[PDB]
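Starting off, we have a lone chain in the form deposited in one PDB entry, written out as structure tokens.
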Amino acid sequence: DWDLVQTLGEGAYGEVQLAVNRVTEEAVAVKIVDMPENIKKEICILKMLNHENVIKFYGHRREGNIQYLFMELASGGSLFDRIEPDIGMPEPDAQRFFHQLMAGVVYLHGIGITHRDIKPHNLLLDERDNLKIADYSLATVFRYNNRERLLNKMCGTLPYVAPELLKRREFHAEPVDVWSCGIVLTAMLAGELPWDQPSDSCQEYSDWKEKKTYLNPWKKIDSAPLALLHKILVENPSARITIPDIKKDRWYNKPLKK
């Protein structure tokens, strides 16, 4: 029925491949996973999703120990491939992608879902350059019956993880996703990641906490988006800006063209 044409990327459990229909020539993205409690969780979350800034999930087929997850093929590819190394991208394009990222994250948080691994590799683009949050393999429920549950599991990607995840036994889900969006914004505006990890043993992170914004990547960033990044990349998650307040930010609301 299908045929694995090209590899689109690889995760912890399974691989994502470009599948072209043997009859219709319809090209889709298929996540092929071998072997359980996590794929049942992932399928459950994928069926809950319905938003313009979240990848479309078609369905799932099981073949013994093999699990197939059918998803929307994003023709524009990844946000990662739009970032020019050491440069980034034009500020109006970065603003628009950030507005769309916030829209997708507000939606997820609104249904009580935390993504837990936001990065340019899983932010995909459709034919009209609309951003779509993909890869729900680490996603979990942080709110149910209007009651918040604290996270305790270590997961994500070190340059994108919030510092409380490395320090605290339990932490709130929403500030962790806000933090990763901040690193994505830095990547879009500088074409460079600021640190290997947000720990005191990492010089670049110590430099940021000491406000050495005359250093890269910060010196490449204009004063307005840099003021926003100062509010996002705050060590104490209880003092960190929330998405309702990000929506009131000067740069977030700055009219930009071309």
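Note that residue numbering follows the sequence shown and begins at 1. Here, rigid core means the biggest group of C-alpha atoms that superpose within 1.5 Å across both forms.
Missing here is the form deposited in another entry; even so, the following discussion is about that form.
For the residues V28, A227, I43, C202, superposed on the rigid core between the shown form and the other one, a C-alpha shift of 2 angstroms or more shows up only at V28. Superposed on the core, the two forms barely differ at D249: its CA moves less than 2 Å between the shown form and the other one.
The two forms, fitted on the rigid core, differ between the shown form and the other one by less than 2 Å at the CA of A239.
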